[PDB]
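Before any questions on binding or motion, here is one chain by itself as structure tokens, the form deposited in one PDB entry.
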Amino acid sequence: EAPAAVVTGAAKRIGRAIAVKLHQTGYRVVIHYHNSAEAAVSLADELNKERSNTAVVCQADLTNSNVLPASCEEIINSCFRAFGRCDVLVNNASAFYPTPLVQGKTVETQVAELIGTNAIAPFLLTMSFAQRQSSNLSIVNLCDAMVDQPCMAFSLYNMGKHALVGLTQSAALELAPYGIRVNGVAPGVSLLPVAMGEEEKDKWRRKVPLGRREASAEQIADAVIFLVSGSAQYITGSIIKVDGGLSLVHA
């Protein structure tokens, strides 16, 4: 019987690249989404076309609130409901926008979305994953290679990703006696929005040592797939940068 994976924020971009890759490697997948309903269902469609009854979608807001623990438990429950098991959890969903310290979402909303999606939801999904448990159980957290050279005025976002590093380590340590490995993948710049000005994209592209290009979504997913594989059976609490050397470039 095939193992099952939950991928948060999997309707598009990096998260969809990860979902697809697990599916192709033989996983059944829960495609989680928040707002992108049409993209999520469309992907579950493709993948079920490929193999019937191997994908489902699951809608959840991962903003922090008093019901977030229930929402995270229901995401995990939804994998068991659909597949009878849950082998892999990939915490990919993330809010990203500036929250300047000195001067519109209220600050309470900004805290809730940025810390919720990047850190607390990952923690709650990890609790639920562990609680509901031959096997290769693992969690992969999507981190950020630039957390120590942060974007100006992204304090909440940066605190959220730092918290996620802390979760990755704490969960690796705690869940090792249950056979559950917990690792991260830390993109540098990846998948630049089409919208973004072509000269702005080139400005950033030119900073990357390896090929003066951003990472493809495929390249990020490749590192996730490694960490979930039997090729990584002794790896836990590791975070693999996938950044083309960007984090090494001084100002």
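Throughout, we count residues from 1 along the sequence that is shown. If you superpose the two forms and keep the largest set of C-alpha atoms that fall within 1.5 Å, you have the rigid core.
Colleague: Please establish whether a third or more of the other compared PDB entries omit coordinates for residue 177.
Modeller: No, none of the compared structures omit it.
Colleague: For residue 104, do at least a third of the other compared PDB entries give no atomic coordinates?
Modeller: Yes.
Colleague: Unmodelled stretch from the deposited sequence between residue 133 and residue 134, which bin: none, 1 to 3, 4 to 9, 10 or more?
Modeller: The entry has 4 to 9 unmodelled residues between residue 133 and residue 134.
Colleague: Between residue 103 and residue 104, determine how many residues of the deposited chain lack coordinates; answer none if the chain runs continuously, otherwise 1 to 3, 4 to 9, or 10 or more.
Modeller: In the deposited sequence, 4 to 9 residues between these two have no coordinates.
Colleague: Averaged over C-alpha atoms, is the B-factor higher for 15-23 or for 231-239 in this PDB entry?
Modeller: Per the PDB entry, the higher value belongs to 15-23.
Colleague: Quick one: higher average CA temperature factor, 86-94 or 156-164?
Modeller: In the deposited entry, the stretch with the higher C-alpha B-factor mean is 86-94.
Colleague: Based on what the PDB entry reports, which of 185, 210, 47, 60 has the top C-alpha B-factor?
Modeller: Of 185, 210, 47, 60, 47 has the highest C-alpha B-factor.
Colleague: Ranking every modelled residue in this chain by its Cα temperature factor as given in the entry, which third contains residue 141?
Modeller: According to the entry, residue 141 has a C-alpha B-factor in the chain's lowest third.
Colleague: Among the modelled residues of its chain, does the C-alpha B-factor of residue 129 lie in the lowest, middle or highest third?
Modeller: According to the entry, residue 129 has a C-alpha B-factor in the chain's middle third.
Colleague: Tell me, lowest, middle or highest third: where does the Cα B factor of residue 170 rank within its chain?
Modeller: Lowest third - that is where residue 170 ends up once the chain's C-alpha B-factors are sorted.
Colleague: How does residue 71 rank on Cα B-factor within its chain, lowest, middle or highest third?
Modeller: Its C-alpha B-factor belongs to the lowest third of this chain's values.
Colleague: Thinking about Cα B factors across the chain, which third does residue 118 belong to?
Modeller: Within its chain, residue 118 is a lowest-third residue by C-alpha B-factor, going by the deposited values.
The next section is about a form of this same protein that is not shown, the form deposited in another entry.
Colleague: Please determine whether the C-alpha atom of residue 198 is displaced by 2 Å or more between this form and the one not shown following superposition on the rigid core.
Modeller: Superposed on the core, residue 198 moves its C-alpha 2 Å or more between this form and the one not shown.
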